[PDB]
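Before any questions on how it binds or moves, here is one chain, the form deposited in one PDB entry, in structure tokens.
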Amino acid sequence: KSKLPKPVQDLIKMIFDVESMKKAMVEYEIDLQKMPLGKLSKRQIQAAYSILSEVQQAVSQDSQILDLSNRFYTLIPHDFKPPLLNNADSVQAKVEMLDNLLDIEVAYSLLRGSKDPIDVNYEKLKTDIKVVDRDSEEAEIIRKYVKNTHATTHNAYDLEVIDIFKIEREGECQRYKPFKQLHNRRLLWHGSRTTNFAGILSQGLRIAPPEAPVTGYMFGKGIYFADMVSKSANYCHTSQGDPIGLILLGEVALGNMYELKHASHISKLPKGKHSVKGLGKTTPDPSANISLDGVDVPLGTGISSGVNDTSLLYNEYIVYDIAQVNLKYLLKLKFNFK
């Protein structure tokens, strides 16, 4: 029997849920026979990324695109008439599929490679996880952040916080050290599919590989965060059939922000800048900022930023070095769909 709190045990089950892994693969139309969880290979996936990059290029300028489509389906067997990879959104969906596959492989490997099994798998995450007491001020601050920064245009659901966890990944403090005293450190959201979280906890937030198409990345390949909970929660890809999601709060060392109103695929920041801020029309009210253990929490309700000429409804924040993030909390959220 495990010594871990029930909420933590429930999180471990959730994150190592093999059935969720398989359901995801069925929804992607992957052939589970020909490409089982244990068989996923880093080198095949890398080659698949490159083919998707060639596809995107061929689309941007009918026979050759059929052949590339087929080369992709040979590398990543599907179980379908096979849809042509002939537009940016289709390509993007396959890239996101490959990302999700990669983290699923990580989860499956950890799982397969005397004590209660929940405890054995907990240890494999190499992450200290503690429950934040529902009645603490810490929890209250976090619930406020969730409540106040739900955007008015994300009306498909409300959020309810079920559990709040405090997390410390092995090695992250040391890795974050050079950034620990950069100025402008902010507690920001990052949402991702549940089936990615074993990978995220064991390896941290990562940046897309060189081989991946840049298409879809408004500010280039980086790690993206929001100051509005719902903007991030949308990337949980929850649904009525699976309405429980996981979302992170990260301390992000933003330093001097390169403020942008429109897409720009950053390959190198201007010297002296440490992050990108995509400027939204709505921003959390600066007067309501609260410090939490030295870090600003922009938990104000949304007001007008005064920026009209922008591509974005809400802010986003991007860093280009994985060491500029120190993960602090993990929330289990129930999405109540309307």
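So that the term is clear: the rigid core is the largest set of C-alpha atoms that superpose within 1.5 Å between two forms. Each residue number is its position in the shown sequence, starting from 1.
Keep in mind that the form deposited in another entry is not shown, yet the notes after this line are about it.
Aligning the rigid core between the shown form and the other one and inspecting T194, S202, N234, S90, the C-alpha positions shift by 2 Å or more at one residue, which is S90. In the core-superposed comparison between the shown form and the other one, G222 has its Cα shifted by less than 2 Å.
For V26, the Cα coordinates differ by 2 angstroms or more between the shown form and the other one after the core has been superposed. Relative to the superposed rigid core, the position of the CA of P213 differs between the shown form and the other one by 2 Å or more.
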